[PDB]
Ligand SMILES: N#Cc1ccc(C(=O)Nc2ccc(F)c([C@@]3(CF)N=C(N)OCC3(F)F)c2)nc1
Ligand code: NA
Ligand code: NA
C-alpha cells in the first residue's frame with residue numbers, strides 16, 4: 001500500500017498520441033504497447049499486419065488463446081474497428097506480478113483508429129462493463145484482474161505532459177507522485193467514470209451558468225481524449241471569458257475554434273496573459289465541494305506554435321489529458337469515487353501552479369446532474 005516503485009514511470013507516449021503502457025498477451029508472451037483509455041471498456045489490439053503497426057497480436061502463436069466465436073463491430077464518431085473476440089493470458093510487465101485470463105478483441109479491420117507514426121497497437125478500456133461492446137456481459141480487463149487476483153479494486157494515473165510519460169499505479173496509490181492532499185468526487189454511475197461539475201470559474205470569475213449545463217448530458221474523466229471538451233453552451237460562455245481575460249493580445253477567431261494554430265518567437269510564450277480555469281467538483285459530503293485549477297500550460301498544447309485545446313462537445317464535459325496532466329488522479333472503484341491531487345510532475349511556471357483546494361460550500365449540487 002502507498003509504495004509501488006516498480007510501476008513508477010511505466011507510461012510513455014508522444015505529444016498528441018496518448019499514453020501507453022507495455023503489456024504481454026498469450027503464451028509465450030507477446031509484448032505490445034497499449035494505449036490507456038479511461039473513456040472506454042474494451043481491451044482491443046491489432047491482430048493483423050496493418051502498415052501503421054509496429055507489432056500485432058498473432059493468436060496462432062499463443063497456446064493459451066481461446067476463441068469466443070463472436071465478432072464485434074465498433075464504430076466511433078470518426079473511425080471504427082472490427083474484431084474477433086477471444087480470451088488469453090495477459091500481464092503487465094511494469095505492473096502487478098500476476099497473469100489473468102482476459103477478454104481480447106483481435107482487431108482485424110479498422111479505419112481512422114491507429115495513428116500513423118505512433119508506437120501503440122491496441123487500447124485498454126479501463127471504464128465499466130456497461131459501455132463494453134457488444135454488450136455488458138463482455139467483462140472488461142480490470143474487472144477480470146480484480147476477480148482473479150488479490151489486486152485491490154483501484155488504479156491511479158499520473159500523466160506528465162510534453163515525448164510524454166507518466167505512471168499507471170495498478171492496485172494502489174504512490175504518494176511520491178503528488179503533493180498536498182487528495183480530494184475525492186463521487187462516481188455518479190459506473191459506466192464511464194462519470195462525475196458532477198458544480199461550478200466553473202475563469203480566473204476566479206464565475207461563469208454563473210445553471211450548473212446542469214456543465215454536465216449536459218454527462219461529465220467524465222477520459223485519459224483517451226486530449227482536450228477539455230465542454231458542452232456547447234458552456235464552451236461559448238467559457239471562450240468569451242478567456243478571450244476577454246486575454247484581450248491584450250488578439251488572435252484569429254479561428255484559433256479559439258481549434259481551426260488554426262498560434263505561434264510566438266521561441267521561449268517567449270506569454271502564459272501570464274491567459275487565465276487559469278477552475279472546475280468545482282461535487283465532494284464526498286452534503287453541500288461540500290472542492291476545486292481543481294489548471295493553467296494555460298495545460299490547455300495551450302505545443303504542436304513555438306500552439307493549439308487551443310478546450311473545445312465544444314455534444315457528448316458532455318470530457319476531462320481529457322488537458323485536465324489530467326495537472327493532477328494525480330485516483331480511480332477508486334472500490335469506493336465509487338475519483339481523487340485528485342496536484343501532480344508532482346505537472347508543467348507550470350514560477351508564478352502559478354495547478355491546484356486542488358477545499359472544502360467549499362456549494363448548495364443544490366444534486367440538481368447539477370442531468371437525467
Ligand atoms: N493526450 C492524449 C491523447 C492523444 C490521443 C489519444 C487517442 O488517440 N485516443 C484514442 C484513440 C482511438 C480511440 F478509439 C479512442 C476512444 C476509443 F474508445 N477512446 C476515447 N476515450 O475517446 C475516443 C474513442 F474513439 F472513443 C481514443 N488519446 C489521448
Ligand atoms: Na480480488
Ligand atoms: Na505526496
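Heads up, residue numbers simply count up from 1 along the chain you see.
Structure determined by X-ray crystallography, 2.0 Å.
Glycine residues also receive a Cβ, built from the backbone N, Cα and C atoms like all the rest.
The Cβ of residue 37 (active site) lies under 8 Å from the Cβ of 18, 123, 124, 125, 126, 127, 222, 223, 224, each on the same chain and at least six residues away in sequence. What Swiss-Prot lists as active site is 37 (among others), and the listing cites sequence analysis.
The Cβ of residue 70 (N6-acetyllysine) lies under 8 Å from the Cβ of 84, 85, 134, each of which sits 6+ residues away along the same chain. For 70 (among others), the entry in Swiss-Prot reads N6-acetyllysine.
In the three-state DSSP scheme, residue 97 (N-linked glycosylation site) is classed as coil. According to Swiss-Prot, the N-linked glycosylation site annotation covers 97 (among others).
Per Swiss-Prot, the feature N-linked glycosylation site maps to 116 (among others). Using a 10 Å radius centred on the Cβ of residue 116 (N-linked glycosylation site) and all shown protein chains, the other Cβ atoms total 7.
What Swiss-Prot lists as disulfide bond is 160-345 (among others), and the listing cites experimental evidence. Mapped onto three states, the DSSP output places residue 160 (disulfide bond) in strand. The Cβ of residue 160 (disulfide bond) has 20 other Cβ atoms within 10 Å, all protein chains considered.
All chains included, 10 other C-beta atoms sit within 10 angstroms of the C-beta of residue 208 (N6-acetyllysine). Residues annotated as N6-acetyllysine in Swiss-Prot, with experimental evidence given as evidence: 208 (among others).
Same-chain residues at least 6 positions away in sequence with a Cβ under 8 Å from that of residue 211 (disulfide bond) are, in sequence order, 197, 198, 199, 364, 365, 367, 368. According to DSSP, residue 211 (disulfide bond) sits within a helical segment. The disulfide bond annotation in Swiss-Prot covers 211-368 (among others) and rests on experimental evidence.
Neighbour count (other Cβ atoms within 10 Å of the Cβ, all protein chains): 15 for residue 212 (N6-acetyllysine). The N6-acetyllysine annotation in Swiss-Prot covers 212 (among others) and rests on experimental evidence.
Taken from Swiss-Prot, the feature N6-acetyllysine covers 218 (among others). Taking the Cβ of residue 218 (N6-acetyllysine) as centre and 10 Å as the limit, one finds 20 other Cβ atoms among all the protein chains shown.
Among the features that Swiss-Prot reports, active site is placed at 222 (among others), with the record citing sequence analysis. Mapped onto three states, the DSSP output places residue 222 (active site) in coil.
Taken from Swiss-Prot, the feature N6-acetyllysine covers 232 (among others), and the record attributes it to experimental evidence. Counting every protein chain shown, the number of other Cβ atoms lying within 10 Å of the Cβ of residue 232 (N6-acetyllysine) is 13.
What Swiss-Prot lists as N6-acetyllysine is 233 (among others). Around residue 233 (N6-acetyllysine), the C-beta neighbours below 8 angstroms that are at least 6 residues distant in the chain are 209, 213, 216.
Swiss-Prot lists 263-305 (among others) with the feature disulfide bond. In this structure, residue 305 (disulfide bond) is part of a beta strand by DSSP. The Cβ of residue 305 (disulfide bond) has 13 other Cβ atoms within 10 Å, all protein chains considered.
Here Swiss-Prot flags 287 (among others) as N-linked glycosylation site. Long-range Cβ proximity for residue 287 (N-linked glycosylation site), meaning a same-chain Cβ under 8 A and a gap of 6 or more residues, is found for 361, 362, 363, 365. When secondary structure is read from DSSP and collapsed to three states, residue 287 (N-linked glycosylation site) falls in the coil class.
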For the C-alpha pair, I'd like the distance in angstrom between residue 305 (disulfide bond) and residue 160 (disulfide bond), rounded off.
20
Quick check on the gap: 11 residues absent, flanked by residue 162 and residue 163. Distance between their CA atoms in Å?
6
Rounded to the nearest whole Å, what distance do the 8 unmodelled residues have to cover between the Cα atoms of residue 303 and residue 304?
8
Listed disulfide-bonded residues (263, 345, 368), ranked by Cβ neighbours within 10 Å, top entry:
368
